[PDB]
Amino acid sequence: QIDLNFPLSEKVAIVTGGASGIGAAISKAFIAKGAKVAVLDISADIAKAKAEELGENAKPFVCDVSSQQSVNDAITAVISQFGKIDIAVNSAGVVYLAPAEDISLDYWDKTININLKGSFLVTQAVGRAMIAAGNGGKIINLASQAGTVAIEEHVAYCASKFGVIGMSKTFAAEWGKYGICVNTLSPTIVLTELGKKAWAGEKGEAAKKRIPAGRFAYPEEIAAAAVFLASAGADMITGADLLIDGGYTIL
Amino acid sequence: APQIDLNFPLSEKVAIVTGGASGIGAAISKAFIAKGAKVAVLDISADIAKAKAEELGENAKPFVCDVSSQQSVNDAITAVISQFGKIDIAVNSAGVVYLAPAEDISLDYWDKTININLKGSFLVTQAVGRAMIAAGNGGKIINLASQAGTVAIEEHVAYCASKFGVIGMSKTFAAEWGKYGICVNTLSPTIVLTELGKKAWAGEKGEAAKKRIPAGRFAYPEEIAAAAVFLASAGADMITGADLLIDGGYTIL
């Protein structure tokens with residue numbers, strides 16, 4: 001029987017980048033749905049503050065997603081604390097923009113190492129855990145509208161996000177046999193505290209003109225999609241890229 | 001419309017081809033020479049590049065390039081411009097394949113794949129595009145992707161990540177550089193019967209793979225090269241950001 005309230009009661013979720021922005025909203029949503037949440041972030045202080053805020057079912061873990069050791073140690077620590085991992089969300093991304101003829105190798109490598117390699121390392125470590133446990137699982141990787149369309153100044157970002165989608169689809173293909181659904185979530189511009197700042201004024205008004213919905217997405221809306229994809233209502237959804245873009249990419 | 005020559009000549013255009021001394025790069029270099037182009041054969045060693053450029057005759061010249069090194073790539077482009085005066089066409093065909101089950105695949109296989117297939121394509125496309133923008137005469141950039149840039153394939157988690165990435169990257173260069181007359185496209189083959197590929201699919205391995213391809217066979221390097229000639233020509237000036245599958249229909253099912 002599929003419970004159409006989409007409960008997550010007693011499931012254990014990892015959320016990378018979980019202490020701010022989209023990741024904070026996902027952590028909060030998962031807590032509200034009865035899950036245990038491992039809040040993973042590169043800053044121990046930021047993770048500590050977020051997990052304390054979210055209450056007794058949220059615990060902090062330091063994790064540099066670009067580091068295989070840091071990732072493996074975090075996964076081990078989450079298992080030691082909670083017993084198992086049912087859900088993992090990868091929402092540690094970075095954005096480094098410049099015209100394509102100018103963009104530095106540093107901007108390129110940081111983008112690829114964090115957005116693409118980081119998603120690889122976290123997905124592989126969590127998936128190994130899930131395979132060993134034998135109870136299936138859910139992996140949700142944040143991609144972007146930029147995993148579907150080109151955007152000016154986003155050569156590295158688009159490369160990383162298109163890559164995340166191909167990568168995630170391959171994990172989905174190979175891990176169906178283990179009951180692990182692997183999907184991507186692809187937002188348009190999101191009104192995180194940062195995004196509010198970066199898309200204020202006429203710049204934001206101009207961007208909204210091209211979105212059929214006529215506004216940007218809230219982090220809470222991205223988290224609602226994560227809740228659905230993490231649930232028992234989505235067991236036949238795998239390899240999917242769910243766009244939350246207000247129509248941006250369809251024109 | 002201009003007179004568009006439906007023989008698709010590349011007379012006096014200068015083309016760089018990475019991985020130009022073997023497999024698909026070698027076939028592309030040979031095709032471009034046959035169409036009248038000057039070809040800069042880039043490969044990882046001086047001897048290998050020299051042997052191909054000698055094979056291809058007086059309009060082909062050799063250059064050493066490790067596409068995963070910014071310095072190597074920049075030096076190669078500078079040397080090509082010194083030798084030929086300009087770059088009109090660049091093809092990135094130096095890719096690598098490292099396969100393993102997704103839960104097992106090493107960070108070494110991941111890095112080698114991303115660094116050559118994706119970062120290498122970025123470095124070459126950026127260096128070539130800079131030269132093209134500066135010269136003001138437009139240009140053509142053709143990046144080899146793969147059927148694996150559209151579909152997942154078991155054991156190909158790093159390969160698919162790199163090839164999806166190449167397409168996204170290439171489409172962004174296309175969007176930004178249309179204003180400078182530079183078309184940037186990808187070519188996405190199924191399995192190709194390079195000297196290597198022949199050895200690699202020699203088995204029932206090959207016969208089973210073919211059952212899933214509507215065309216019922218693999219592609220030859222010369223077929224990939226024919227598509228490259230078309231995309232490098234004046235018959236393709238309105239084609240940019242496109243991914244042209246040469247997959248015998250593999251990906252449509």
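The figures that follow rest on heavy atoms only: side chains count, while hydrogens, waters and symmetry mates do not. To find a chain, count down the sequence lines: A is the first, B the second, and so on, and within it residues start at 1.
The line from OH of B:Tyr159 to OG1 of A:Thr170 is 12.0 Å long, rounded to the nearest 0.5 Å. How far OH of A:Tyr178 is from CD of B:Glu103: 5.0 Å, rounded to the nearest 0.5 Å. In this structure, B:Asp111 CG and A:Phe120 CZ are separated by 9.0 Å, a value rounded to the nearest 0.5 Å.
For chain B, the nearby part of A:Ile112 is the side chain; its heavy atoms alone come within less than 4.5 Å. In this structure, chain B has a heavy atom under 4.5 Å from the backbone of A:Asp102, while its side chain stays farther away. If you measure heavy-atom distances from B:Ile153 to chain A, the contacts under 4.5 Å come from the backbone alone. Both the backbone and the side chain of A:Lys117 have a heavy atom closer than 4.5 Å to some heavy atom of chain B. Interface residue B:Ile133: only side-chain heavy atoms are found under 4.5 Å from chain A.
Of the listed residues (A:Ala150, A:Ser168, A:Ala156), the one with the most heavy-atom contacts under 4.5 Å to chain B is A:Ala150. Note: A:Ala159 leads A:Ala159, A:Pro99, A:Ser119, A:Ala173 in heavy-atom pairs under 4.5 Å with chain B.
Considering all non-hydrogen atoms of both residues, A:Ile103 and B:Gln126 come closest at O-NE2, 3.0 Å. When every heavy atom of B:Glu176 is checked against every heavy atom of A:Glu153, the shortest pair comes out as OE2-N, 2.7 Å.
Counting heavy atoms from C-beta on, the side chains of B:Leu118 and A:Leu116 come closer than 4.5 Å.
Shown here is A:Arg210, whose CZ atom has no more than 12 heavy atoms of other residues, nucleotides or ligands within 6.0 Å.
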